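First comes the structure, then the notes that go with it.
As a basis for the values below, the full set of heavy atoms in this structure was taken, side chains included, without hydrogen atoms, waters or symmetry mates. Residue numbers start from 1 in every chain, and the chains themselves are labelled A, B, ... in the order their sequence lines are given, proteins ahead of strands.
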Amino acid sequence: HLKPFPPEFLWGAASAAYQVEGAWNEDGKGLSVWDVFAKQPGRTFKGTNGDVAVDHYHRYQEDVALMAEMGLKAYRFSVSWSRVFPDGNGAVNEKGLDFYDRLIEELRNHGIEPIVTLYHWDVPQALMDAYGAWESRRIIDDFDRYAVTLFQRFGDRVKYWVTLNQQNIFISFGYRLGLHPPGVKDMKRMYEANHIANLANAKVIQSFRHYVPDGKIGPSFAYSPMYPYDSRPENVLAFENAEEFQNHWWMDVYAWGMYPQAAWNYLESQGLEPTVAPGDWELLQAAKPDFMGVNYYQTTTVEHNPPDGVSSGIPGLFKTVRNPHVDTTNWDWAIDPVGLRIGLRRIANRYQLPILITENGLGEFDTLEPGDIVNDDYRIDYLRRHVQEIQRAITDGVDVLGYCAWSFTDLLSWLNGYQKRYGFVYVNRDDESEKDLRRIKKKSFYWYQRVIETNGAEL
Amino acid sequence: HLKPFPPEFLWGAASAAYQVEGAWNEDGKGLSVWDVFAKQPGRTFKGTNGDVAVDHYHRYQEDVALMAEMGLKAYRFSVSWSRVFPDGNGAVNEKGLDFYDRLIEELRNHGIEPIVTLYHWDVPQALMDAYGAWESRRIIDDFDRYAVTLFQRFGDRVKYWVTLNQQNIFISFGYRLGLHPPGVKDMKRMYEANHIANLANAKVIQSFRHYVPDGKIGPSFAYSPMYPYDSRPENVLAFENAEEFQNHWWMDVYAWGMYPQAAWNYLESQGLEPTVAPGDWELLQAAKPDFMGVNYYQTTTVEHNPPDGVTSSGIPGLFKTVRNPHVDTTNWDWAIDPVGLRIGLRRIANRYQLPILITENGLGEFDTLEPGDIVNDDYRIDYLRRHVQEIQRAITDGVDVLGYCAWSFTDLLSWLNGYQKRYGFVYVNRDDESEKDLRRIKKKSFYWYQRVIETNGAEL
């Protein structure tokens, strides 16, 4: 017998501020690191950027009406720090807070639970300019002051809060790969910034207990569960390495306040472990979250990687390998819904934490057919499979608090423009112009509306 | 570059009381469940039993002098509860205790660390008769009284202690498979006995913190790390279920005081979960060990198993075993997987952050005695070497490995299969038909190990 979805299950959808809002210089908003980075020649496809995006800042009432038509139970969005504190620290911008107050009131007037994400990659450029943003301990108290302001203004109306969204991505892409701001390729700097973001996460959860005593808070991790390629002992060992280095390095700090030892000793052998200060362990261990957020798209399969080896990986630790036993998307991402169940089981088995699935979805090149019809059965199929696996995980005993499909409307991607679309709601624009920004319900919109209405009772 | 073994690494060797001592009815020793069970005709190969075994009770001085010749840093042995409390509870038998005293003094006179194992499967028969031994909560205080006795007598001289050795084996072989005493095949009974053994373990660890404040204690788990067959999602899920059900079901209780929840829910759905009394979780949670003991022989590979499903064993809908084509086998078609030991060590440190004492690892094989008292067992050298090499790699990776006890120091009696499959560094001249002269003969592997210890593992 499958257990049903629980009666207050948060059937959601999600977005991120830079990806949706526009209004990049309006109402006293300050520059974020992404306003500046995306304007560097050549960094984004066809120079696309978040100046306008899908103009949710101006069109939020129409978008919340679509959410109410769908009957969403929750909408997860992120707050743009630069709207609230244009310079990151210093004077609060009341017009910025008032946008989010208006958005929260519009949600709540339609019965939709806001899920507020503190941070989605958009630290104010002034903090970068002053002290290098996440590479300074200065950001711990600046971030905390920003979070506390939000908690004080919104904590009576928002129960569910996400702190750092996909820290592993903004830190790795920003400091190891150089693909995101600040465009650094230096693993030593990566691991120091990562440590400071860990401390900032723990500081804000501690502050949350003072200001939002009935609320629920947690980080959200971009989780690709690792698989060994096969039962070759060296491949299993590669999996142990990979899961610990890629996944436990973040989630064990979130859940337990401790880095895992093998990965720590590997980094220490390379001169890459972060600088620890007095009080750091105590802080990290004291700030227990209410849930683990999970952003999930796919699993990763790994095999042995010798010390002169690579596919991506770490010599002597693991390399990636294509999994012959899963379907692939048109971008060569795995489609692995059973992998979601595995990841959920791993989190519950390791940390005994409830899970909020903060992001999961399918990106594809959607065609707008005559009569403003988008037939995205491929998206319904992906979503369906994943939601069925969630139910299996709940039946196994995992506490899943909700599921936020990525995304509600189509939105701007960070580096690749607009054409690989993720929304329930098509936005008429493309990489060359904003067109009219009209909202058009896709077939998937109506599919999810029926999943919600029936609490997943079948799909 | 590999790290060296730590300077005080406990290079050890091990035995179990029923397997080695003999003296089954001497000095007021009471019957254990194994004394009775092994005398059931048909139960053991050639009717072999522990009445004499390799007669270590009488020959302990000789055996310890061989240990000292080898340079053993530690000797792990078990205490026979029926020697110390012949009826399980009731009067202490001083003559029983004095054997262990004498053994411990022999070891300490030769600079060898005793590692005392409280329990190796030999509960007194009187407790079985009285109240069904491990199926009654009465055993929790009886075992604790016994443990405390030992802690009081030997705590000043024994730093390292193991509680229950291979609980997962005596509980599953005794109550699921019916292979060991009490010969039961009943999963519901298995899980209840298991729960009581968990409580017993936790109670003695609490007692230890009082009596032996500078000592180190832990349970020892017979650990077969699970692997998925391949990267098919369903087979990785089968691995998740198997690791949890076979391994975390014990080690999470030992390390965290908590059963894992998916496995608990599965058992509850089948009416198999144990009875929990008020106080049980608090006791379980408040008895953290200093180390995890590991008995290691091989890994196990699993694959998906239909709800109408399973040579292969498993749980329908959860997992089934499959032969791993990527590991070697012994001449008994069991697996040889040294890297698997490194994996299991990594997993315990990764999950629990515990130091590990490897309490048992070794190779069983027929050995030929050649003229001039020569036994050339290069096969056993190869097997030990490969495992020791992988321990070094685990230590290099950051696992805290306290020591390594090869199984076994002398040849010994197997539970069900007589004497011919030998495990010792020291051959004992006897077989299934005769005690012969019981003489001790150093095998080639003796001298190999001697050299490993002399170089602290630098020369394998």
Open item on the list: Can you confirm if the aromatic rings of B:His387 and B:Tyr383 lie within a centre distance of less than 6.0 Å?
Closed with: yes
Task: Option passing salt bridge (charged side-chain N to carboxylate O under 4.0 Å, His left out) with B:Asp367 (candidates B:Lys444, B:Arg422, B:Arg380) - done: B:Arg380
Open item on the list: With a 6.0 Å cut-off on the ring centroids, do B:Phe170 and B:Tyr119 count as close?
Closed with: yes
TODO: Ignoring hydrogens and angles, tell me if any N or O in the side chain of A:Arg232 forms a donor-acceptor pair with the backbone of B:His326 under 3.5 Å.
DONE: no
TODO: Tell me, please, which residues at least two apart from B:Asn241 pass side-chain contact (heavy atoms from CB on, under 4.5 Å).
DONE: A:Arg345, B:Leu237, B:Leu318, B:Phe319
- [ ] List the steps and the verdict of side chain to side chain donor-acceptor pair (under 3.5 Å) for B:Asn165 and B:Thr117.
- [x] CA-CA 7 Å; B:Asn165 189 208; B:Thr117 309; 5.6 Å; no
Open item on the list: Given 3.5 Å as the limit, does a donor-acceptor pair link the side chain of B:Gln166 with the main chain of B:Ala222, or not?
Closed with: no
- [ ] Quick one: do B:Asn247 and B:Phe221 satisfy side-chain contact (heavy atoms from CB on, under 4.5 Å)? Show the steps, please.
- [x] CA-CA 9 Å; B:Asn247 297 134; B:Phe221 182 64; 3.3 Å; yes
- [ ] Starting at CG of B:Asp400, measure out to CD of B:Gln353 and round the result to the nearest 0.5 Å.
- [x] 12.0 Å
Open item on the list: Does atom CD (B:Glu8) have a neighbourhood of more than 12 heavy atoms from anything else shown, all under 6.0 Å?
Closed with: no
Open item on the list: Please find the pair of heavy atoms, one from B:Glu365 and one from B:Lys421, that lie closest to each other, and give the distance.
Closed with: N-CG, 3.7 Å
Open item on the list: Using the rule given for side-chain contact (heavy atoms from CB on, under 4.5 Å), can you reason through B:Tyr100 versus B:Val116, listing the C-alpha separation, both sets of side-chain angles and the distance that settles it, and then say yes or no?
Closed with: CA-CA 10 Å; B:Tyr100 301 103; B:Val116 174; over 6 Å; no
TODO: Tell me yes or no: between the side chains of B:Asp432 and B:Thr48, is some donor less than 3.5 Å from an acceptor?
DONE: no
Open item on the list: I want to know whether B:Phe366 and B:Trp332 have ring centres closer than 6.0 Å.
Closed with: yes
Task: Candidates B:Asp337, B:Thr301, B:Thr329 - the one meeting side-chain hydrogen bond (donor to acceptor under 3.5 Å, both in side chains) with B:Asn324 - done: B:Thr301
Task: Partner residues of B:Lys3 under the salt bridge (charged side-chain N to carboxylate O under 4.0 Å, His left out) criterion, sequence neighbours left out - done: none
- [ ] List the steps, then state whether side chain to side chain donor-acceptor pair (under 3.5 Å) holds for B:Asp431 with B:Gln420.
- [x] CA-CA 7 Å; B:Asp431 66 14; B:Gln420 294 279 16; 4.8 Å; no
- [ ] Report yes or no: do B:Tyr259 and B:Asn198 form a side-chain donor-acceptor pair below 3.5 Å?
- [x] yes
Open item on the list: Checking B:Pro325 now: which residues fulfil side-chain contact (heavy atoms from CB on, under 4.5 Å) with it, not counting sequence neighbours?
Closed with: A:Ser231, B:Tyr229
Open item on the list: Testing B:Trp121, B:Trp415, B:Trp81 one by one against B:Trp34 for a ring pair (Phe, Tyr, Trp, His ring centres under 6.0 Å), which residue passes?
Closed with: B:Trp415
Task: Gap between atom CD1 of B:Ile336 and atom OG1 of B:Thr299 - 0.5 Å precision - done: 11.0 Å
- [ ] May I ask you to decide if B:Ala406's main-chain N or O and B:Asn361's side chain share a donor-acceptor pair within less than 3.5 Å?
- [x] no
TODO: With the side chain counted from C-beta on, respond yes when B:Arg76 and B:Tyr160 share a heavy-atom pair under 4.5 Å apart, and no when they do not.
DONE: no
- [ ] Kindly indicate, with the supporting measurements, whether the criterion side-chain contact (heavy atoms from CB on, under 4.5 Å) is fulfilled by B:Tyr57 and B:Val20.
- [x] CA-CA 8 Å; B:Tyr57 188 83; B:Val20 287; over 6 Å; no
TODO: Please tell me if the side chains of B:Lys436 and B:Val428 come closer than 4.5 Å, counting only heavy atoms from C-beta onward.
DONE: no
TODO: Kindly assign one of parallel, tilted or perpendicular to the pair B:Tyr191 and B:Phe245, based on the angle between their ring planes and the thresholds 30° and 60°.
DONE: perpendicular
Open item on the list: Could you tell me if the side chain of B:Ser80 sits less than 4.5 Å from the side chain of B:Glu21, heavy atoms only?
Closed with: yes
TODO: Grab the two heavy atoms, one from A:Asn349 and one from B:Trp256, that are nearest each other, plus how far apart they are.
DONE: O-CZ3, 4.1 Å
Task: Note, B:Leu107 side chain near B:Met67 side chain (heavy atom, < 4.5 Å) - done: yes
- [ ] Could you walk me through whether B:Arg439 and B:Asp373 pass side-chain contact (heavy atoms from CB on, under 4.5 Å), step by step?
- [x] CA-CA 10 Å; B:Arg439 87 172 173 274; B:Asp373 276 6; 2.7 Å; yes
Open item on the list: Checking B:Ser224 against B:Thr300 for the side chain to side chain donor-acceptor pair (under 3.5 Å) test, could you report, in this order, the C-alpha distance in whole Å, the side-chain angles of both residues, the deciding distance, and whether it holds?
Closed with: CA-CA 6 Å; B:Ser224 185; B:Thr300 300; 2.7 Å; yes
TODO: Please list all pairs passing the side-chain hydrogen bond (donor to acceptor under 3.5 Å, both in side chains) test where one or both residues lie in residues 104-116 of chain B, with sequence neighbours left out.
DONE: B:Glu105-B:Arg157
Open item on the list: Please check this pair: side chain of B:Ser445 against backbone of B:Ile381, looking for a donor-acceptor N/O pair closer than 3.5 Å.
Closed with: no
Task: Sequence neighbours excluded - salt bridge (charged side-chain N to carboxylate O under 4.0 Å, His left out) pairs with any residue from residues 318-332 of chain B - done: B:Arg323-B:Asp333, B:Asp328-B:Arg386
- [ ] Identify whether the distance between the nearest side-chain nitrogen and carboxylate oxygen of A:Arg350 and A:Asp252 falls below 4.0 Å.
- [x] yes
Open item on the list: So, taking the atom named CG in B:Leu177 and the one named OG in B:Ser313, what distance separates them when rounded to the nearest 0.5 Å?
Closed with: 8.5 Å
- [ ] Apply side chain to side chain donor-acceptor pair (under 3.5 Å) to the pair B:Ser15 and B:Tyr75, showing each step before the final yes or no.
- [x] CA-CA 8 Å; B:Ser15 67; B:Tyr75 173 60; 2.7 Å; yes
Open item on the list: Restricting to non-hydrogen atoms, name the atom on B:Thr359 and the atom on B:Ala14 that form the minimum distance, rounded to 0.1 Å.
Closed with: O-CB, 3.8 Å
- [ ] Looking only at non-hydrogen atoms, find the nearest pair between B:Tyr379 and B:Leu363 and report the distance.
- [x] O-CD2, 3.5 Å
Open item on the list: For a quick test of reading the model, state the closest non-hydrogen atom pair linking B:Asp122 to B:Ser32 and the distance between them.
Closed with: O-CB, 3.6 Å
Open item on the list: Tell me if the centroids of the rings in B:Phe151 and B:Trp161 come within less than 6.0 Å of each other.
Closed with: yes
Task: Ring centre gap for B:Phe409 and B:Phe77 strictly below 6.0 Å - done: no
- [ ] Can you sort out the partners of B:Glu390 under side-chain contact (heavy atoms from CB on, under 4.5 Å), two or more places apart, ordered by chain and number?
- [x] B:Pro338, B:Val339, B:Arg342, B:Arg393
Task: Nearest atoms (heavy-atom pairs only) where B:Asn456 meets B:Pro6 - done: ND2-O, 3.0 Å
